[PDB]
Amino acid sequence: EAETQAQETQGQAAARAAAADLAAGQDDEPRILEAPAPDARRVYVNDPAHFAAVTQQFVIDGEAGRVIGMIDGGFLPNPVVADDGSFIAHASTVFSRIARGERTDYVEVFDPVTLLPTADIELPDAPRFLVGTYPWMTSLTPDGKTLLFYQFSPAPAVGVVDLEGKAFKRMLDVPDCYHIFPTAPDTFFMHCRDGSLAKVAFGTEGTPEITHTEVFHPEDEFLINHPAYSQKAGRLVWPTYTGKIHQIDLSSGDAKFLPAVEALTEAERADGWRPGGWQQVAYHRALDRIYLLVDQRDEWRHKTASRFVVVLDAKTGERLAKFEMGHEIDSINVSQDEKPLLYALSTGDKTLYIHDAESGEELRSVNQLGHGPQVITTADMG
């Protein structure tokens, strides 16, 4: 309906070619296209569509600001993307009669180029946890051979799916902890209600080895639902409602707690600044930098959009920059290449704004992304 400057350029270039081809005597021979090979600039946007029974995922070339493909999903699916770009997958839920009838939970794996499903694995007894989309409630092990998903009721548990053998393996009983952060083919961490982290080591058989770390935050400090986790760096970046940031180093195989840093300056906190949104934090591995969505807001408006992004050095906590986004932004993420792109998704505008992660300048945008787009996913191919 309304064209962005980027799609307007694409549209014109395409018309130019069609007109020239016609004049040169070329004929039209329709076929099915393959998407370009996965690269550092490919970005995935998921649309939970405000809890609708069916959803959509958009595959975007961040460099050109063009939709290169799409994927259909069920009710509140959890998307995962292999860091090496060899495949994409999601844990999904469908029903025999739209939103009622027999429920089927399943995992689908897709070819990154043809977008065709290469695997469809049914999950016994509908064990998926149906909740607003949290990237780390469904995760891939670093080797990309295993997918882990969370079950809330009737008891906390983590399902193990063998993507290699294309089969569901077993449910792992865990303590009252949430989220899944894999660090090895057979190990992952969770965050528990008591404020500690739980390390779970499992195998093909037997009860798992569970060990708790020390409590790293008090009862009154609230850790958001969308922490940033870099599997390749083993860095867990977890902001609190006030912008204080807890960083955990899991690269050794055991949790090492780094000094907490305030993402907001003394003056901003005094002026009512607080982080807010959906995917509020992003982490760039190579630059070792943290990006956080912030704005002036009341303490209980933590899920509303924000118009600013602050950047800080993760090692020192030094404020590097503060960008005025110029739009109501709900989620952010970044490409993991040399000169990163800063992705800013607006649920309200159903638009993905693409900025230069260094200057904060808006480069291009892609609109009409579903009904209520909320999640951005990128691959760390480096």
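Residue positions are given as counts along the sequence shown, with the first one as 1.
Look at the mean CA B-factor for 341 to 349 and for 313 to 321 in the entry; the higher one is 313 to 321. Look at the C-alpha B-factors of 31 to 39 and of 51 to 59. On average they run higher in 31 to 39. Of all the options 180, 163, 89, 76, the entry's greatest CA B-factor is assigned to 163. Across 271, 105, 111, 72, the greatest Cα temperature factor reported in the deposited entry is at 271. In this PDB entry, the Cα temperature factor of residue 276 sits in the bottom third of its chain's modelled residues, the lowest group. Ranked by Cα temperature factor within the chain, residue 229 sits in the lowest third according to the deposited record. Per the PDB record, residue ranking by Cα B-factor puts residue 335 in the middle third of the chain. Annotation for residue 378: C-alpha temperature factor in the middle third relative to the rest of the modelled chain, per the entry. Ranked against the other modelled residues of its chain, the C-alpha B-factor of residue 201 as given in the entry falls in the highest third.
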